[PDB]
A.B. asks: 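Below is one structure. I have some questions about it.
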Amino acid sequence: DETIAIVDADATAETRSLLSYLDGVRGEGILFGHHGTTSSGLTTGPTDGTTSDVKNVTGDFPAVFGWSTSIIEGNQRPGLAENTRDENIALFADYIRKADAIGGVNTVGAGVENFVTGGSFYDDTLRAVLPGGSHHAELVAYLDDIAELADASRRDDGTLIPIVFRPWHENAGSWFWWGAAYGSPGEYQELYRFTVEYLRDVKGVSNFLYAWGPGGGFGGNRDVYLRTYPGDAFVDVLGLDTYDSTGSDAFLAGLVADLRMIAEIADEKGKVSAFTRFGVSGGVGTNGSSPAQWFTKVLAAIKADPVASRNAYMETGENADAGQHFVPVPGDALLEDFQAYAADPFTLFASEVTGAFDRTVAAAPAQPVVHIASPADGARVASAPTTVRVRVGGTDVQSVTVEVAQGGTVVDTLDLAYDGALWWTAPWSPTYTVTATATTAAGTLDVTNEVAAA
């Protein structure tokens with residue numbers, strides 16, 4: 001008789017099971033993950049989603065199979081540039097099915113590449129993809145494709161395969177902070193929240209768990225770590241991304257402090273924490289480094305701490321080529337150490353994953369939430385009128401009013417109108433604090449955004 005807080009209160013049985021399993025493993029063993037593990041290999045030859053350098057070097061597949069949404073764009077195998085998005089999606093789904101059949105857990109991340117030059121969201125492109133933005137439609141279409149992938153990731157018997165989905169994280173560099181998100185955390189929060197709401201509430205995705213990791217190297221400082229946190233109603237798995245090539249005592253101490261911190265925050269929230277990304281900076285190949293016994297040193301530091309060890313998985317990077325790869329292969333100096341890392345009883349691989357999906361676990365009722373999607377907290381409004389959008393979720397809503405104040409004086413009062421799909425809205429012609437008050441079946445909910453007018 002188990003009940004858990006899960007972002008999608010309507011998630012499938014297997015999905016709720018997975019979230020329970022990931023919490024339960026914390027401190028008992030840590031699942032080893034590898035990105036594109038059956039799609040890019042140095043020892044596999046041509047890939048088909050059934051073989052892996054990890055299997056060849058350790059004797060087992062990883063417990064976690066990582067993938068990028070980049071595959072849909074055909075910018076990452078098994079995605080092909082020459083393909084229709086629909087067939088890149090079918091391939092993606094096929095490899096996810098194969099991983100599930102192997103016994104692994106799937107994670108899918110959406111990086112922030114599209115938010116730069118060559119990217120399709122390219123316009124301060126964070127502002128651009130939010131509701132009302134010049135590129136909002138691109139975002140929505142990108143999400144539609146993700147919803148398509150979600151629905152296609154089904155076992156032969158039709159069962160949806162649960163996926164740990166990590167929307168909008170930075171792929172550079174060694175600490176992986178998304179500069180735009182730190183620069184405007186309110187806008188990051190609205191982007192993440194919309195992403196969750198569009199997929200869950202608008203598209204009906206029911207096989208996602210939602211991951212968020214803001215980077216790494218926080219010195220265990222919680223307020224820095226939480227700067228871009230989307231909120232308890234929006235995140236299932238709390239992450240941490242840290243690459244290092246020194247193997248130093250100092251680095252290890254810093255890593256342990258952060259791992260303790262995320263486990264502590266997870267525990268307090270009744271959530272799951274995971275070491276979402278780890279690896280040798282620059283990889284362990286030609287263009288990388290071979291810090292001595294780096295894998296077993298990292299693992300021993302984690303194991304030695306009863307709180308830092310409370311982390312569900314740790315995923316390392318893609319094995320692209322000799323110059324850039326993150327799992328050692330024959331010829332690499334770190335091969336033996338990685339094998340030892342893999343043989344350690346604390347690290348879990350595919351054949352050690354059991355009871356992940358067949359648990360009986362009910363969802364706690366969704367928590368009522370109110371947030372102002374536009375203008376986002378800390379944003380700057382450009383034109384008048386601008387549209388105020390408020391999302392009230394998880395309860396029935398009778399009305400929403402907005403009070404606009406400046407200094408401490410109310411300057412405007414707005415009665416919002418439900419748009420029939422997602423938001424309560426009203427025009428606003430500025431101008432500094434924007435407070436939404438929703439009258440609902442769960443009581444009166446409010447939230448305040450602080451914004452600037454041009």
Side-chain angles (χ1 to χ4, degrees), residues 4-7 19 22-33 64 107 109 164 166-179 181-183 185 188-189 192 209-281 294-295 297-316 346-348:
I4 59 172
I6 173 168
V7 165
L19 190 57
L22 293 169
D23 193 36
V25 84
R26 299 172 57 219
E28 298 302 306
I30 189 163
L31 314 222
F32 171 72
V64 162
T107 183
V164 181
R166 180 181 186 182
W168 318 126
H169 62 106
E170 175 56 85
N171 281 308
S174 266
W175 305 111
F176 308 93
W177 299 28
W178 189 10
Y182 278 87
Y188 179 80
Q189 290 165 333
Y192 191 106
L209 297 179
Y210 290 92
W212 162 85
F218 297 103
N221 294 291
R222 283 156 81 124
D223 295 336
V224 179
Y225 178 76
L226 298 170
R227 264 162 86 171
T228 67
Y229 182 54
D232 300 346
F234 297 96
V235 177
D236 294 306
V237 174
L238 306 168
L240 185 79
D241 307 313
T242 300
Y243 278 31
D244 157 269
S245 66
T246 75
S248 68
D249 287 352
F251 159 68
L252 290 173
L255 179 58
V256 166
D258 283 352
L259 288 172
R260 284 181 60 96
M261 175 189 67
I262 71 171
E264 283 172 3
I265 296 169
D267 288 350
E268 295 161 13
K269 295 174 177 298
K271 295 183 183 306
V272 166
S273 59
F275 190 179
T276 42
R277 294 184 81 175
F278 89 103
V280 173
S281 301
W294 187 90
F295 294 104
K297 288 172 58 166
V298 161
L299 183 65
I302 294 179
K303 291 171 62 171
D305 194 289
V307 176
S309 65
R310 291 180 54 66
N311 280 294
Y313 60 89
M314 59 194 297
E315 183 195 332
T316 203
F346 192 75
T347 55
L348 300 176

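Numbers here are sequence positions counted from 1. Any value given below was found using the heavy atoms of this structure, including those in side chains, with hydrogens, waters and symmetry copies removed.
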A.B. asks: If the threshold is 4.0 Å, N to carboxylate O, is there a salt bridge linking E315 and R166?
C.D. replies: no
A.B. asks: Check whether any side-chain N or O of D258 sits under 3.5 Å from a backbone N or O of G219 as a donor-acceptor pair, and report yes or no.
C.D. replies: yes
A.B. asks: Would you find a donor on one side and an acceptor on the other, under 3.5 Å apart, between the side chain of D305 and the backbone of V307?
C.D. replies: yes
A.B. asks: Which of these passes ring-ring contact (aromatic ring centres under 6.0 Å, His included) with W212: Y188, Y225, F234?
C.D. replies: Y225
A.B. asks: If I compare all heavy atoms of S245 with all of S281, which pair ends up nearest, and what's the gap?
C.D. replies: N-OG, 3.6 Å
A.B. asks: Pick out which of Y182, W177, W178 makes a side chain to side chain contact (heavy atoms under 4.5 Å, CB included) with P214.
C.D. replies: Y182
A.B. asks: Evaluate side chain to side chain contact (heavy atoms under 4.5 Å, CB included) for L255 paired with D244, printing each intermediate quantity in order.
C.D. replies: CA-CA 10 Å; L255 179 58; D244 157 269; over 6 Å; no
A.B. asks: Residues two or more places apart in sequence or in another chain: which of them pass salt bridge (charged side-chain N to carboxylate O under 4.0 Å, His left out) with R227?
C.D. replies: none
A.B. asks: Spell out, as yes or no, whether a donor-acceptor pair under 3.5 Å connects the side chain of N311 to the backbone of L259.
C.D. replies: yes
A.B. asks: Establish, from distance only, whether the side-chain atoms of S273 and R26 form a donor-acceptor pair under 3.5 Å.
C.D. replies: yes
A.B. asks: How many angstroms lie between CG in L252 and CH2 in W294, if you round to the nearest 0.5 Å?
C.D. replies: 8.5 Å
A.B. asks: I4 and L19: side chain to side chain contact (heavy atoms under 4.5 Å, CB included), yes or no, with the steps?
C.D. replies: CA-CA 8 Å; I4 59 172; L19 190 57; 3.9 Å; yes
A.B. asks: Out of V272, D267, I265, which one pairs with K269 under the side chain to side chain contact (heavy atoms under 4.5 Å, CB included) rule?
C.D. replies: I265
A.B. asks: Could you check if a side-chain atom of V25 sits within less than 4.5 angstrom of a side-chain atom of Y313, using non-hydrogen atoms only?
C.D. replies: no
A.B. asks: Give the C-alpha distance, both sets of side-chain angles, the deciding distance and a yes or no for side chain to side chain contact (heavy atoms under 4.5 Å, CB included) between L348 and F32.
C.D. replies: CA-CA 6 Å; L348 300 176; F32 171 72; over 6 Å; no
A.B. asks: Grab the two heavy atoms, one from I262 and one from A274, that are nearest each other, plus how far apart they are.
C.D. replies: CD1-O, 3.4 Å
A.B. asks: In this structure, is the centre-to-centre distance between the rings of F176 and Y243 below 6.0 Å?
C.D. replies: yes
A.B. asks: Checking the side chain of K297 only, and the main-chain atoms of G247 only, is there a donor and an acceptor separated by less than 3.5 Å?
C.D. replies: yes
A.B. asks: Over 60° means perpendicular and under 30° means parallel, so tell me whether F295 and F278 are parallel, tilted or perpendicular.
C.D. replies: perpendicular
A.B. asks: Distance check, rounded to the nearest 0.5 Å: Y210 atom OH versus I6 atom CD1?
C.D. replies: 9.5 Å
A.B. asks: What is the minimum heavy-atom distance between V235 and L238, and which atoms define it?
C.D. replies: CG1-CD2, 3.7 Å
A.B. asks: Shortest non-hydrogen contact from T276 to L240?
C.D. replies: OG1-N, 2.9 Å
A.B. asks: Let me know which of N171, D241, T316 forms a side-chain hydrogen bond (donor to acceptor under 3.5 Å, both in side chains) with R277.
C.D. replies: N171
A.B. asks: Mind listing the closest non-hydrogen atom pair of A308 and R260 along with its distance?
C.D. replies: N-CG, 3.6 Å
A.B. asks: May I ask you to decide if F218's main-chain N or O and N221's side chain share a donor-acceptor pair within less than 3.5 Å?
C.D. replies: yes
A.B. asks: Nearest 0.5 Å, what's the CG-NZ distance between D232 and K271?
C.D. replies: 5.0 Å
